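Step one of this worksheet: look at the structure below.
Values quoted throughout were computed directly from the atomic coordinates according to the rules given, and no laboratory measurement underlies them. In this analysis, Cβ positions are derived from the backbone assuming ideal geometry, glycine residues included, and neighbour counts consider all displayed protein chains.
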Amino acid sequence: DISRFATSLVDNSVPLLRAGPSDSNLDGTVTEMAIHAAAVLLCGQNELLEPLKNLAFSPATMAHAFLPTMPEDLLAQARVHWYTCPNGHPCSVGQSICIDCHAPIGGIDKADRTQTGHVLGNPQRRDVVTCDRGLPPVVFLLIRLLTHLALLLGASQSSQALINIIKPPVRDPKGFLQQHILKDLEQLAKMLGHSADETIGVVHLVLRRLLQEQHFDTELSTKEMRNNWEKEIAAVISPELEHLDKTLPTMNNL
Amino acid sequence: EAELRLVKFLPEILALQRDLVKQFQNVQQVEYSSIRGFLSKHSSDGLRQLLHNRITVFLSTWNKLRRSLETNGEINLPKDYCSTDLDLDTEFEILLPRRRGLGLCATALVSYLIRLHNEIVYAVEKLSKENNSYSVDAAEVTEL
Amino acid sequence: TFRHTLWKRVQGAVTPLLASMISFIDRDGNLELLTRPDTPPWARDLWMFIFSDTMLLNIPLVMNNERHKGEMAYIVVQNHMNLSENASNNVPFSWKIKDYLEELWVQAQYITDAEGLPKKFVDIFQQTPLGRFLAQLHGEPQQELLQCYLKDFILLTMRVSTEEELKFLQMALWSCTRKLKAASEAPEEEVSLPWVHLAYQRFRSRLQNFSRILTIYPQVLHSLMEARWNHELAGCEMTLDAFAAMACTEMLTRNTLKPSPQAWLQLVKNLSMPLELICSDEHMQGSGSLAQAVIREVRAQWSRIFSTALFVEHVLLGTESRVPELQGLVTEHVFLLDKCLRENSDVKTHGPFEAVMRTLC
């Protein structure tokens, strides 16, 4: 794979660029992120980020598996008194009768709402960060961004599988990721407070510390072990970002 | 805080529900599925303007939260309802807070807003240790 | 017999219609205003006048024949106002009158600017058949109807629990509308229901914070009765809110730390917001000279009790929950600050400034 990508790059046969790429001053940015992420993928052999290789190089693996960092029903950890009657009508009065059709339930079960794949909505309107399952917004959002860029790489090198894995149907499945990374880096600039290129360097450090760690689930079978994998990857990613007070002057000086 | 700042719009939409439940003397069916057509057939232009402001507020607070409502609600809303950005030309059944059907959207939103408010108030209930059961019901709800 | 078949057939087309028509005459117990000798003549007159018109009280034709077999979901007569058993709204057909006045106000508001409303809307109501019907009524019955209607409107648009609170809000809105009529180039000769709405569209925040004060401190009975008796509520501007603020600050300064310390502080923070608004200028734009005078002293006492609240906030609770040795000094020092700032507690002045810092030192 390394030599084949090198050959495709020397003679301008890169699958990402097909004479129709992003035309702003950010196709280069997403290209450097893509090259660095792909290098982390092919150099690394640890099973912690093996799901990343499975997502990128073998899109059929995640053609059915739960794509991570996605809107998930909170009715899985466990009381506000919203109980649906057997006929399908919710009730909230605390053997009563339902407010509709007066079903003999009340008083005087798998709730699976989580979906699979790229359930995220249109990236154009997204200004709120979602902190869930005990993940600080920093590491959550960074994992979100790396997932987006890995999916962009996979769709570029293998189109149809990722076109079929996304629930929002679009006529340019590779097209909207440019503004996806637009809004992602915009909210990175807002939340981190650094400059745009400074945030790019911070993301570079975040994605490099995955490569410089060569010391659970491989295909992310279900939601709970996927959350567990988020848990075990956040504890590794975090300390480098905690030590950003000293690495920032270092990177500035370099 | 991004979705908690929308609790301030809770009373207005609540009035929009009440000023419909009282106003709608049951004709046994919903008319043509268009809010704009409903305003067109509405008699007085002043109440037309008032209802227009109310529907615009409701649609604005619904579109920004429908993606959230798709997973953060406590009632199983079918995935097609929380899929498109509804506008003033959508089905009129949305405004009526029916417990089953399209109206189950609107009610759900209201529920979330309640669960958006009391929950953070719940945190205060975990701080002072003395509970003031000032639990107003969803018809006296005001700016207070 | 065929005659009985006809009798039933005609008793198959009036029963649903009569059931529907009753729902607009027995809403909030309107019917019991007819079968009661104590009702004044104007009550029955207005009841008949309102019921006789078909456009003002338009009852929509319900067609109870084209629906599939459902449940026990018969014609639901709604009651907006939560009344007691066998109770009745004071003014006949209160809800419909309020709705009609509100829609007329909306028309006048969207058809005029912010200045033409008070006169154009009143004239528009006067052009209504209801308007000229009340123009027919005069004298003491007009005042009795006004009191009944403004007692009814509070129940419609608020939530009240005790009748004494209801009387408080009644005379508060009465004084508010009297003040608004005073600045209306019109004498005390006439007054109309419209103004009761206009006052609610002007001083809404005032009655709102009044209600929040009375719902956050439920024992307004004795203190407010004494404030009303010793200090009469004479005056065009409604001063009962300021007077309640005076009574609240007075008997809360009385019981400094008498109840549970954390509970006392809790009540202080709950009532902080309303007296904060009431002593703010942003609410006392049209207050009278007596109101602008009493708010100064109520703000001074509020500042003093806020200082005592800061004293009881941490100097014992937060860290002295562990060690009780200093509780005596904390308990006596609030009284020493009281004895230092009886009258002048304004920390904006250098004198009491240095006094407070020396006491804390």
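Just a few scattered comments:
- Ignoring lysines fewer than eight residues from C:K348 along the same chain, the ones with Cα atoms less than 20 angstrom from its Cα are C:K339.
- Sorted from greatest to least, the principal axis extents spanned by the alpha carbons of region A:23-98 come out as 64, 35, 21 Å.
- Quotient of Cα Rg and 2.2 N^0.38 Å for region A:162-254, N being how many residues it contains: 1.35
- CD proxy at 222 nm, helix term only [per DSSP H run n ≥ 4: -39500 (n - 2.57); per residue of chain C; nearest 500]: -20000 deg cm²/dmol
- Positive-end extreme of charge dipole, the protein assembly as shown - chosen from C:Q147, C:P352, C:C340 (charges on Cβ): C:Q147
- For region C:128-183: Kirkwood Rh in Å [reciprocal of mean 1/r, alpha carbons]: 12.5
- Averaging 1/r across all pairs of distinct Cα atoms in the protein assembly as shown and inverting the result yields a Kirkwood radius of 32.3 Å.
- All Cα-Cα distances of region A:122-174, cut into 10 Å bins from zero to the largest, leave 21, 44, 31, 5 percent in each bin in turn.
- Cα Rg, Dmax, chain A, angstrom units: 21.6, 77
- Cα-only Debye scattering, region C:125-224: base-10 log of I(q)/I(0) at q = 0.10, 0.11, 0.18, 0.24 Å⁻¹: -0.31, -0.37, -0.89, -1.35
- Greater than 32 Å apart at Cα, pairs in A:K110/B:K129; A:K223/B:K8; A:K167/C:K69; A:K183/B:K79; C:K151/C:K258: A:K110/B:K129; A:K223/B:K8; A:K167/C:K69; C:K151/C:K258
- Relative contact order (%) - criterion: Cα under 8 Å, at least six apart; region: chain C: 11
- Chymotrypsin sites (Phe, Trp or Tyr not before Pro) restricted to DSSP loop in region C:15-81 with at most 14 other C-beta within 10 Å: C:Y74
- Relative intensity, log₁₀ I(q)/I(0), of region C:1-102 from a Debye sum that treats every alpha carbon as a point, q = 0.16 Å⁻¹: -0.84
- Mean residue ellipticity (222 nm) of chain B, computed from DSSP H runs ≥ 4 via -39,500 (n - 2.57), nearest 500: -16500 deg cm²/dmol
- A Cβ-based charge dipole, computed about the Cα centre of the protein assembly as shown with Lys and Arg at +1 and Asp and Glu at -1, lands at about 1160 debye.
- Straight-line reach from B:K41: taking Cα to Cα under 23 Å and skipping same-chain neighbours fewer than 8 places apart, the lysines in range are B:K22, C:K96.
- Note on region B:8-84: the C-alpha convex hull projects to 6.4 nm² when averaged across all orientations.
- On the principal axes of its alpha-carbon atoms, region C:238-283 has extents of 34, 17, 11 Å, going from largest to smallest.
- Fraction of the pair-distance distribution of region A:1-58 above 15 Å, Cα-Cα pairs, percent: 57
- Per-residue ellipticity at 222 nm computed for chain A from its helices equals -15500 deg cm²/dmol, with DSSP H segments shorter than 4 residues left out and the rest contributing -39,500 (n - 2.57).
- Reach of B:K126 by Cα under 18 Å, taken over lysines that are not fewer than 8 positions away in the same chain: C:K269
- Cα point-scatterer Debye curve for region A:109-230, base-10 log of I(q)/I(0) at q = 0.11, 0.12 Å⁻¹: -0.44, -0.53
- Summary value for region C:25-101: 58 percent relative contact order, contacts being C-alpha pairs under 8 angstrom separated by 6+ residues.
- Trypsin sites (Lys or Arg not before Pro) within region C:67-172, DSSP loop, no more than 11 other Cβ atoms inside 10 Å: C:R67, C:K69
- Using a cutoff of 8 angstrom between alpha carbon atoms and counting only pairs six or more residues apart, the relative contact order for chain B works out to 33 percent.
- Within region B:38-144, the chymotrypsin sites (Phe, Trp or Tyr not before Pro) that combine a DSSP coil assignment with at most 14 other C-beta atoms in a 10 angstrom radius are B:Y134.
- Averaging 1/r over each pair of different alpha-carbon atoms in region C:2-60 and inverting the result gives 13.6 Å, the Kirkwood hydrodynamic radius.
- Label positions at B:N76 and A:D27, each projected 7 Å from the Cα along the C-beta direction, are separated by 4.7 nm.
- Convex hull (Cα only) mean projected area of region B:4-135, reported in nm² to one decimal: 9.3
- Above 38 Å, the calculated P(r) of chain C contains 38 percent of its Cα-Cα pairs.
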